Every structure is written in structure tokens, then in C-alpha cells.
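Asks:
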Amino acid sequence: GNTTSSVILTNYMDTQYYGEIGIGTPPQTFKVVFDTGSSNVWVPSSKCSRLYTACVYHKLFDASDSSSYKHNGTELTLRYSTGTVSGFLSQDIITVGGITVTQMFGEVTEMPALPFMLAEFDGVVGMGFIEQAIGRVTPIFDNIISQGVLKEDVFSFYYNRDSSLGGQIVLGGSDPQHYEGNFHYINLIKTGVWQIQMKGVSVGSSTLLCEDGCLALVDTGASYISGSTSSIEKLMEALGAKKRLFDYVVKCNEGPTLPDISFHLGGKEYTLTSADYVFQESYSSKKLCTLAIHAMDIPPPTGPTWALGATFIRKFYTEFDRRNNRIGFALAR
Ligand SMILES: CCc1cccc(-c2c(F)cccc2[C@](O)(CCCNC(=O)OC)[C@@H]2CCCN(C(=O)C[C@H](O)CN)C2)c1
Ligand SMILES: CCc1cccc(-c2c(F)cccc2[C@](O)(CCCNC(=O)OC)[C@@H]2CCCN(C(=O)C[C@H](O)CN)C2)c1
């Protein structure tokens, strides 16, 4: 097949990037985040108790409203760093862009208030490998490969700066409009996860972290860049940032003067200036500005690892290659 189809993404405050997918006949619309860090697709369910407030505020899937719905009903539990969602498995036809697929997805009957009452998205579409899929359910992208409609077996991500297009994901290729130059490709350490070897982390001129090498998970569902607590504690100390309850902050006036942060991947230096990784709401010295970096300790086998999230993707257009098991990087525009 020659097909390459694009899905438009809505950018909410440079934290949450989501798009729309139909489910069933007639299609039921859902706002979903496309996450390379998880392999499962799930949406809120009409069987979700209203005692969970998230199921009131978000859109619910009604199985009996779709004639293509096929019952499964196996228990499913997904674990994130934030907590757990629970539900049961179902199967229906899912539309993404111009592509339709019959897909096994979760129907979530348990949706904790924290985080999900802060979610502008209804659900998640896992772009990860089947190796990470709870219940070993075929991921959506694998079902798309089987259809052989794609021009290529690769898919790419584009995240924009809030201010116009929000963001775009392309299935089957990349969009030259949103990147310049050529892609620099880096192989995955192993199949089953989107992760690449990182040869170190630099603050300004000196490389202060990840000196002997570390893991970098490219995560399209990650809002920030996240490293191990040990790494971050040293990074923020070097930047002079102060730890709040949630975030790391710096005096808003000092933000533009913070040094650059470079990530060394595939022998090349990937730099993020203070303008890239700092939220500047004001430049006043009397206000504190949030940093787009924080600490998250990812448990093995996946961790300990860095996570390169929207902060990183925003500057660098990312191509995910299934056929060759590699990740391309190009300057975003
Ligand atoms: C479906 C992923 C997920 C799971 C749990 C909570 C949230 C969530 C949330 F409900 C409300 C606000 C913010 C978040 C996140 O900031 C990411 C939001 C969507 N990602 C996006 O657009 O990246 C461009 C998360 C907050 C906790 C740490 N996060 C993760 O661990 C996400 C994993 O990297 C991806 N599976 C981000 C999102
Ligand atoms: C703003 C203080 C803060 C710090 C750290 C985490 C949260 C948090 C949280 F606890 C629970 C849910 C969602 C969030 C955030 O989505 C960021 C999550 C990080 N994800 C990640 O690294 O994925 C790999 C925030 C939710 C509100 C909007 N956010 C902002 O950063 C707004 C800033 O105040 C703007 N200056 C993100 C909040």
C-alpha cells in the first residue's frame, strides 16, 4: 500500500497532546493520547461507576450502541507511575485517520480522580510493542502493519509550541513540512520498547551526568523530560533550581540565563536551551517559573531510565521505525 495518513493533535498548555479516534458502528469519538511508553489502548467505559468523577467528566464508550462490538470481558489492569486503572477487554472497529482496524482494547471501569480529573484526554492509544502489552493483546499499530496498507512500517510524531497547528502524528511515514534536514537514526537497544543508548548528559560545557552511559526512553505520552532522582537532583543543583512539592522552579528572570542542556545520542549532541525547557509565564524576579524537567524513577526492566517527553519531542521531530527497529531525529519546524 501507498497509504500515509495524518492525525491532527490538540496542544493543551504544552503538557497534554491528544487526538481523535472513532470506535464502533456508528463511530464513537474519543480524545486519546498516543503514547510510545505503553502498549495498550483503553478508553472510559459506560459501565464505569459514577462514583469515579473522571467517568462523569470524560466521554464513555457504550458497547451496546455499536453493532460491530464483540464481547470479551477479561479483566485488565494497567499500571502507570501515577497509579492503576482497571476494566475489562473488548473488541470493536477503531478508526484512526483514514485507517480502520478491528482492535482489542480496554474498557476502564475504574478511573482514579488523581491524575485523571486533570486529563483533557479521554483515553490512551499505546504505540509500544506487544512485549509491554498487559494481557499480551496485539497493539493497534501491529494490527495496522498486518493490513499492509502503510507506505512504510514507521510512524512519526510532531509536537508544537502552544500559542495554528497543535501537533501531528503520521502513520506510514513522516511529513517533510514539519522537519528540516535529514533524519539522524539511532537503533533500539532491544525490541519491545522504544529506548536508545544515551552516552551522557551535559549542562553547559561539561558533561556532568550519565557519564558511563544510561537509558533513554522516547515517550510521546511523557509531558516533561524525566530522569532518575539521583540524576535530576544533581541536574537541578547545577541549574540552581529549587524543589517545590510538585515541580522544580527558578526565578523567572533567571530562566533565560540558565545554561543549555544537551543529550548525546548516536554520537550527536541534542541541545535544549533554557527557552526550550522552561515555562516562562513572566520574566519578573518576584515570580517563580516551572521547569519542564523533573524526577521519575522507572522500575526495571524498563528502568532505571531517562524519559524524553514532549519537552524533547517539541524541538526534534521524531520518527519511530518498526521495520528497522530505530528512532529517527530531525530538527522540528
Ligand atoms: C496517558 C498517559 C498518562 C498517564 C497518567 C497520567 C497522565 C496525565 C494526566 F492524567 C493529567 C495530566 C498530565 C498527565 C501526564 O503528564 C501526561 C499527559 C499526556 N501525555 C502527553 O500528552 O504527552 C505529550 C503524566 C503525568 C505523570 C507522569 N506521566 C507519565 O508517566 C506518562 C508516561 O510517560 C506515558 N505512558 C505523564 C497521562
Ligand atoms: C506544575 C507542577 C507539577 C510538577 C510535576 C508534576 C505535576 C503533575 C502532577 F503532579 C499530576 C498530574 C499532572 C502533572 C503535570 O501535568 C506535569 C507532569 C509531569 N509529567 C512527566 O514528567 O511525565 C514524564 C502538570 C499539571 C498542571 C499543568 N502543568 C504545568 O507544568 C503548568 C505549569 O505551572 C506552567 N508554568 C503540568 C505538576
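Those letters in the sequence shown? Residues 70 to 232, 237 to 406, per the deposited numbering, in order. Think of the CB as a built atom: it goes at the ideal place given N, C-alpha and C, for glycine as much as any other residue.
#1: Looking at ligand 1, does it come within less than 8 Å of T146, judged from the CB to the closest heavy atom?
#2: Take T169 as the anchor and find which of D134, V110, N212, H140 has the nearest alpha-carbon.
#3: Going by beta carbon distance, what residues of the same chain come within less than 6 Å of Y297, once the five residues before and after it are set aside?
#4: Determine the closest residue to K359 out of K324, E342, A348, with distance taken between C-alpha atoms.
#5: Let's test the definition: count the other Cβ atoms within 10 Å of the Cβ of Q241 and tell me whether it reaches 16, buried, or not, exposed.
#6: Beta strand (DSSP E) containing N80: first to last residue?
#7: Helix or strand or just coil, what does DSSP make of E392?
#8: Which residues bound the beta strand (DSSP E) around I334?
#9: Starting from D211, trace the alpha helix (DSSP H) in both directions and tell me its first and last residue.
#10: Under 8 Å, with one C-beta from each stretch per pair, do the stretch 200-217 and the stretch 128-135 reach the 3-pair mark?
#11: I need the straight-line Cα distance from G254 to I400, nearest angstrom please.
#12: What ranges does the alpha helix (DSSP H) occupy inside the stretch 111-161, keeping only unbroken runs of at least 4 residues that lie completely in it?
#13: Do you know whose CA, among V112, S247, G217, lies nearest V193's CA?
#14: Quick check: what's the CA-CA separation for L338 versus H257?
#15: Using a Cβ-Cβ cut-off of 6 Å (strictly less than) and excluding sequence neighbours within five positions of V102, which residues of its own chain qualify?
#16: Thinking just about the alpha-carbon of each residue, which of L290, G286, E310, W379 is nearest to the one in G340?
#17: Please classify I77 as buried or exposed, where buried requires at least 16 other C-beta atoms within 10 Å of its C-beta.
#18: What is the rounded straight-line gap between the Cα of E144 and the Cα of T207?
#19: With respect to the beta strand (DSSP E) encompassing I366, which residues constitute its N-terminal and C-terminal limits?
#20: So does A289 have its beta carbon nearer than 8 Å to some heavy atom of ligand 1?
#21: Considering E306, what are the terminal residues of the alpha helix (DSSP H) in which it resides?
#22: Could you give the residue range of the alpha helix (DSSP H) that holds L183?
#23: With a CB to CB cut of under 7 Å and the five nearest residues on each side skipped, what residues in its chain are close to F226?
#24: Would you mind giving the Cβ-Cβ distance between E200 and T264, rounded to the nearest angstrom? I have them listed as a contact below 8 Å.
#25: Provide the residue(s) that pair with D104 in DSSP beta bridges, ordered along the chain.
#26: Is the stretch 175-183 close to the stretch 275-285, with three or more CB pairs under 8 Å?
#27: Tell me the rounded alpha-carbon separation between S150 and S107.
#28: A348 lies in the alpha helix (DSSP H); which residues open and close that run?
#29: Taking the straight line between their C-alpha atoms, what separation do you get for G217 and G70?
#30: Is the beta carbon of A289 sitting closer than 9 Å to the one on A348?
Replies: Reading off the structure:
#1: no
#2: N212
#3: So the list reads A365, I366, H367, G382, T384, once near-sequence residues are dropped.
#4: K324
#5: buried
#6: 74-81
#7: strand
#8: 334-338
#9: Taken as a continuous stretch (DSSP letters only), the alpha helix (DSSP H) holding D211 covers 209-216.
#10: The way I'd put it, the stretch 200-217 doesn't touch the stretch 128-135; fewer than three beta-carbon pairs between them come closer than 8 Å.
#11: 16 Å
#12: 123-126
#13: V112
#14: 10 Å
#15: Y87, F190, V193, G294, listed in sequence order.
#16: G286
#17: Here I77 is exposed: its Cβ has fewer than 16 other Cβ atoms, across all protein chains shown, within 10 Å.
#18: If you take the alpha carbons of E144 and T207, they lie about 16 Å apart.
#19: 366-368
#20: no
#21: 302-312
#22: 182-185
#23: Taking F226 as the centre and dropping the five residues before and after it, the same chain places the C-beta of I242, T293, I386, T391 closer than 7 Å to its C-beta, in chain order.
#24: 7 Å
#25: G195
#26: no
#27: 12 Å
#28: 347-350
#29: 6 Å
#30: no
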